[PDB]
Every structure is written in C-alpha cells, then in structure tokens.
Amino acid sequence: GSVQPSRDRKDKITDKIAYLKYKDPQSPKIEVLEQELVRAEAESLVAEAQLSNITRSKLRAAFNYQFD
Amino acid sequence: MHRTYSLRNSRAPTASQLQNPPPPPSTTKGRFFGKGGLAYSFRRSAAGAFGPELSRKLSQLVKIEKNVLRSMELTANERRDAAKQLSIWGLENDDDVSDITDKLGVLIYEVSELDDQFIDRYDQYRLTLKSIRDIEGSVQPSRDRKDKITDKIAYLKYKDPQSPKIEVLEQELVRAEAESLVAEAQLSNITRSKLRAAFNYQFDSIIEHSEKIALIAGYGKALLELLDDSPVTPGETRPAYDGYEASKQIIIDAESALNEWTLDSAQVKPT
Amino acid sequence: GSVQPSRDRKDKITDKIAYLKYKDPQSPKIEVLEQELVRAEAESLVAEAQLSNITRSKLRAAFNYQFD
C-alpha cells in the first residue's frame, strides 16, 4: 500500500508528459518533467524490486509458520 | 577589480586613468534611491520569498536580470530617441554640421539596433537560466520528502521501536534515497552544463556587441575629421561644403565592415 | 484557394492520428487512418508541386504582360 503511491505518481507524471508533448512540444517544462520522470522511474524500480523480495519472502515464511 | 591595498574607497588608476584623468562623478546620480521603480525593487523580493527553497536565489537572479533587460530596452529606446533628436537638430546649423549630425545619428541608431539584438540574446540566456531554475525547483520536493521521511523514521524509532511500520518506512526511505541520488546527479549535470553554455552564449553576445560598437566608434572617430574646428572671423564665411562623397564612402565602409563581421573576425586576443 | 482545403484536410487528419495514438494506441482504426493520411500526403505533394509551378509561371507571365 505504501509502494502504490510511487507507481501512481509515475503514471500521473507520464500522462502529464504525454499531454504536454502532444499539446505543445516546445513547452517551457520541456525536459525538467522528463528528468523528474526518469528519477521517479528509478525510485519505482527500486520499490518494485523491494516489494517483490519482501512479498515473496514473507509469503513463504508466514505460510511456513502457518503450516507449522 | 582594480582595487588596492588600502582602507579607502579609492581604486588603483589604470593606464587610461593616468593618461586621461577621470571626470567628476555624474550629476545624474541624484539622491532619491537610485531605485528606478518600486516594482523594480519589489519583484525581486516577491520572487525571493515564495517558491521552493532551492529555487529561491536563482529566481531572484532571474528577476533581477529581467529588470536588467527591461532597463536595457529602455536605454536602447532612449538612445534611439537621442539619435533622432540630434538628426532633427542638425538642420538648423551649417551644411557640414547637418551632414555630420545625420551620420552620427545613423551610427547611434545602428548602436541601438545592436543593443536590441543583444537584448534578444540576453533574454535567450535568461530563459536558459530559467530552465535550470525550474529543474532545481522540481528537484527540491524530492529532498524535502527525503528529510520528512527520515524525520518520521527517527520519531517512530525513538517513540516506539516496535512499531507496525517498522521496516516499510525504511524501505520507502531507501527507494526515495535512490531517487534523490539520481535527482542530485542529474541536477548537477544539467546545472553545470547549462551554466557553462548559457554563460558562453552570453559572453559570445557580449564580445560581438562590444566589437560592433568599437567598430562604430572607430568609424565615427574617422568621420569626425570632415567637421572643421577652423574659426571664422565675423566678416568672413567658408566656401561650400564638398565632403559629401567622403562621408558617404566612410558610412558605406562602416556598413560593409559591420556586415562582414563574424565570430572569427574579432581582433581582440586575450592573453 | 482550391489547394488550401487539401492541406487543411492533411493537418486535420494528422491531428486526429496524433490524438488517437495518444489516447489509445490500440484503436480499431489503427492503420486505416494512417493509410488515408499517406494517400492525402501524396495528393497534397502533387497539389503543392502544381501550385508552385502555376503560381511562379503566371506571376512571371502576368507581370511580364503588365510591364509590356
């Protein structure tokens, strides 16, 4: 649930990028939004990796404890 | 700066100062403020109060240089008006004075046009700086979030180490730290690459403008020989002016030299 | 004036293509609109060529007659 806002922000920012590049490619925020998008993409990649590790490690452990 | 090992406001004179003593301070430095305008001094303060903390000094610089640009366009219009007034006033005097004043007004109008072109280039450089201002202002929320999250981590680990959000907040903090590291790297690259490029463009505009005005000054100084300082006794009068062709040739040569000027044609060679 | 509707249609169709490919790339009219755009582009290229020839040939001739 805490990871989800990261990807929500990523999709919102990429939607804004698409809208700005479609309506007016020569926008003042031509590349600042793109750089913010790429740093958010790096953060979301780290978040997805840690989410996968923690989910798959606490599923195999909580269910192991439950089965014990 | 031409300062000296002294505790006074006096500055070390240069070779030009030794050859030509400096004139007294201008009589236009009247005591009101030197302000120019209330909006001029309030726009900067308004820009320097709100907005992101990181993009605060840069916004102040952008606003100050916008005021620079406004005052420069004002002085360009003022100088072109002065040239027009000189050309108008040249009629009442002799033919040689009229022609010389007309050519000088043409040169001053050309200087004003070059000033306007430099104004456009300055605005381009200001927009280049505005881009880095915007990117740093967008970067600032990332680090603001990082500090807020680390403060929350410290508070939670101090008040109750066995909190339900024991490690989710830490993982969110580390991913935010990775994002902030990428943001800082890209901010450094873009800031340091658009500072060295916007200022390079600004200096190119500066040297081009300076060379063009230097050529204008030299050509006007060579034109001023057609004017004569010979005084006439009250009874006598000069023969008719005949230096029209010389002035025409000198202004044609000035225009040709200005048109031919390029970046590689600059004769200024710094050591 | 008769040539102008061709380019007006070309810009309208390319705007529609951009809008459709931004809002939903997997649109049912995925490639029919693109093919219509390319055939309109060929028609507009022929129109521009003939407009240039006729304009530049009747300017040099009408003005030659006027100068005569």
# chains A, B, ... in the order shown; residues from 1 in each chain; ligands from 1
$ residues_around --residues "residue 2 of chain A" --least-positions-apart "6" --cutoff "12 Å" --atoms "only C-alpha atoms" --output "list in words"
residues 8, 44, 47, 48, 50 and 51 of chain A; 165, 167, 168, 169, 170, 171, 172, 173 and 175 of chain B
$ interface_residues --of "chain A" --to "chain B" --cutoff "7 Å" --atoms "only C-alpha atoms" --output "list in words"
residues 32, 39, 40, 42, 43, 46 and 47 of chain A
$ closest_atom_pairs --of "chain A" --to "chain C" --cutoff "10 Å" --atoms "only C-alpha atoms" --output "Markdown table"
| residue | atom | partner | partner_atom | distance |
| --- | --- | --- | --- | --- |
| A:15 | CA | C:22 | CA | 9.7 |
| A:18 | CA | C:22 | CA | 7.3 |
| A:19 | CA | C:22 | CA | 8.3 |
| A:22 | CA | C:18 | CA | 7.5 |
| A:23 | CA | C:19 | CA | 9.6 |
$ residues_around --residues "residue 195 of chain B" --least-positions-apart "4" --cutoff "10 Å" --atoms "only C-alpha atoms" --output "PyMOL selection string"
chain B and resi 125+128-129+132+189-191+199-201
$ residues_around --residues "residue 222 of chain B" --least-positions-apart "6" --cutoff "10 Å" --atoms "only C-alpha atoms" --output "list in words"
residues 216, 247 and 250 of chain B
$ write_last_selection --atoms "C-alpha atoms" --output "short mmCIF file (atom, residue, chain, number, x, y, z; two decimals), in the first residue's frame"
data_model
loop_
_atom_site.label_atom_id
_atom_site.label_comp_id
_atom_site.auth_asym_id
_atom_site.auth_seq_id
_atom_site.Cartn_x
_atom_site.Cartn_y
_atom_site.Cartn_z
CA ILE B 216 31.10 52.07 -34.86
CA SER B 247 31.17 60.87 -45.63
CA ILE B 250 33.04 56.23 -44.80
#
$ select_by_dssp --residues "chain A" --states "alpha helix (DSSP H)" --output "ChimeraX atom specification"
/A:4-23,32-67
$ residues_around --residues "segment 24-38 of chain B" --least-positions-apart "3" --cutoff "10 Å" --atoms "only C-alpha atoms" --output "JSON, numbers by chain"
{"B": [21, 41, 42, 43, 67, 71]}
$ atom_distance --atom1 "atom CA of residue 73 of chain B" --atom2 "atom CA of residue 119 of chain B"
7.0 Å
$ atom_distance --atom1 "atom CA of residue 210 of chain B" --atom2 "atom CA of residue 266 of chain B"
9.9 Å
$ residues_around --residues "segment 211-214 of chain B" --least-positions-apart "3" --cutoff "10 Å" --atoms "only C-alpha atoms" --output "number ranges by chain"
B: 107-108, 110-112, 114-115, 205-208, 217-220, 257-259, 261-263, 265-268
$ write_last_selection --atoms "N, CA and C atoms" --output "mmCIF file, in the first residue's frame"
data_model
loop_
_atom_site.group_PDB
_atom_site.id
_atom_site.type_symbol
_atom_site.label_atom_id
_atom_site.label_comp_id
_atom_site.auth_asym_id
_atom_site.auth_seq_id
_atom_site.Cartn_x
_atom_site.Cartn_y
_atom_site.Cartn_z
ATOM 1 N N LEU B 107 24.724 56.314 -36.966
ATOM 2 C CA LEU B 107 25.581 55.410 -36.203
ATOM 3 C C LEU B 107 24.972 55.078 -34.845
ATOM 4 N N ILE B 108 24.391 56.073 -34.173
ATOM 5 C CA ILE B 108 23.780 55.830 -32.869
ATOM 6 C C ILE B 108 22.547 54.943 -33.006
ATOM 7 N N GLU B 110 22.203 52.654 -35.300
ATOM 8 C CA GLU B 110 22.769 51.325 -35.502
ATOM 9 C C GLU B 110 23.214 50.713 -34.179
ATOM 10 N N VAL B 111 23.819 51.525 -33.310
ATOM 11 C CA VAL B 111 24.216 51.053 -31.986
ATOM 12 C C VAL B 111 22.993 50.606 -31.194
ATOM 13 N N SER B 112 21.899 51.362 -31.287
ATOM 14 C CA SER B 112 20.668 50.982 -30.599
ATOM 15 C C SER B 112 20.114 49.667 -31.137
ATOM 16 N N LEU B 114 21.892 47.235 -32.488
ATOM 17 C CA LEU B 114 22.767 46.197 -31.951
ATOM 18 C C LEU B 114 22.453 45.925 -30.486
ATOM 19 N N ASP B 115 22.117 46.973 -29.733
ATOM 20 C CA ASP B 115 21.706 46.794 -28.346
ATOM 21 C C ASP B 115 20.433 45.965 -28.255
ATOM 22 N N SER B 205 27.680 36.871 -27.117
ATOM 23 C CA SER B 205 26.902 38.071 -27.403
ATOM 24 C C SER B 205 27.632 39.321 -26.929
ATOM 25 N N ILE B 206 28.257 39.248 -25.752
ATOM 26 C CA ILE B 206 28.974 40.393 -25.199
ATOM 27 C C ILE B 206 30.114 40.807 -26.119
ATOM 28 N N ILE B 207 30.931 39.844 -26.550
ATOM 29 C CA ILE B 207 32.091 40.190 -27.365
ATOM 30 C C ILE B 207 31.648 40.674 -28.741
ATOM 31 N N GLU B 208 30.597 40.070 -29.305
ATOM 32 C CA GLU B 208 30.096 40.538 -30.595
ATOM 33 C C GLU B 208 29.588 41.972 -30.499
ATOM 34 N N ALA B 217 32.462 53.150 -33.148
ATOM 35 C CA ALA B 217 33.201 54.262 -32.560
ATOM 36 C C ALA B 217 34.389 54.656 -33.423
ATOM 37 N N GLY B 218 35.134 53.671 -33.926
ATOM 38 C CA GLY B 218 36.262 53.985 -34.788
ATOM 39 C C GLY B 218 35.838 54.678 -36.067
ATOM 40 N N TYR B 219 34.751 54.204 -36.679
ATOM 41 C CA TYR B 219 34.292 54.810 -37.923
ATOM 42 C C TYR B 219 33.752 56.216 -37.688
ATOM 43 N N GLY B 220 33.069 56.439 -36.563
ATOM 44 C CA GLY B 220 32.632 57.786 -36.235
ATOM 45 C C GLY B 220 33.792 58.718 -35.942
ATOM 46 N N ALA B 257 31.848 46.815 -43.134
ATOM 47 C CA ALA B 257 32.602 46.171 -42.064
ATOM 48 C C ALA B 257 31.673 45.530 -41.042
ATOM 49 N N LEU B 258 30.567 46.201 -40.712
ATOM 50 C CA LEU B 258 29.608 45.619 -39.779
ATOM 51 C C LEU B 258 28.972 44.359 -40.353
ATOM 52 N N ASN B 259 28.626 44.381 -41.643
ATOM 53 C CA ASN B 259 28.037 43.202 -42.270
ATOM 54 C C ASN B 259 29.035 42.053 -42.341
ATOM 55 N N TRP B 261 31.507 41.408 -40.352
ATOM 56 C CA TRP B 261 31.967 40.930 -39.053
ATOM 57 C C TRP B 261 31.371 39.567 -38.724
ATOM 58 N N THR B 262 32.225 38.658 -38.256
ATOM 59 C CA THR B 262 31.812 37.330 -37.827
ATOM 60 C C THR B 262 32.540 36.995 -36.532
ATOM 61 N N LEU B 263 32.261 35.805 -35.996
ATOM 62 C CA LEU B 263 32.879 35.398 -34.737
ATOM 63 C C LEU B 263 34.392 35.283 -34.872
ATOM 64 N N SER B 265 36.201 36.927 -36.954
ATOM 65 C CA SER B 265 36.752 38.204 -37.385
ATOM 66 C C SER B 265 37.109 39.122 -36.224
ATOM 67 N N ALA B 266 36.874 38.696 -34.985
ATOM 68 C CA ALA B 266 37.193 39.524 -33.829
ATOM 69 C C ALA B 266 38.704 39.651 -33.681
ATOM 70 N N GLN B 267 39.186 40.886 -33.571
ATOM 71 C CA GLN B 267 40.611 41.157 -33.434
ATOM 72 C C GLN B 267 41.074 41.197 -31.984
ATOM 73 N N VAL B 268 40.167 41.042 -31.025
ATOM 74 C CA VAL B 268 40.537 41.045 -29.614
ATOM 75 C C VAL B 268 41.149 39.693 -29.271
#
$ residues_around --residues "segment 95-106 of chain B" --least-positions-apart "4" --cutoff "7 Å" --atoms "only C-alpha atoms" --output "VMD selection string"
chain B and resid 83 to 84 86 to 87 90 to 91 110 220 227 241
$ write_last_selection --atoms "C-alpha atoms" --output "JSON list (two decimals), in the first residue's frame"
[["chain", "number", "residue", "atom", "x", "y", "z"],
["B", 83, "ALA", "CA", 19.80, 59.96, -32.22],
["B", 84, "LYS", "CA", 16.51, 61.11, -33.77],
["B", 86, "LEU", "CA", 20.24, 65.01, -32.89],
["B", 87, "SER", "CA", 19.31, 64.37, -36.53],
["B", 90, "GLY", "CA", 21.23, 69.17, -37.22],
["B", 91, "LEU", "CA", 19.03, 71.06, -39.69],
["B", 110, "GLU", "CA", 22.77, 51.32, -35.50],
["B", 220, "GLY", "CA", 32.63, 57.79, -36.24],
["B", 227, "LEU", "CA", 33.97, 68.57, -39.39],
["B", 241, "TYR", "CA", 30.87, 72.03, -48.26]]
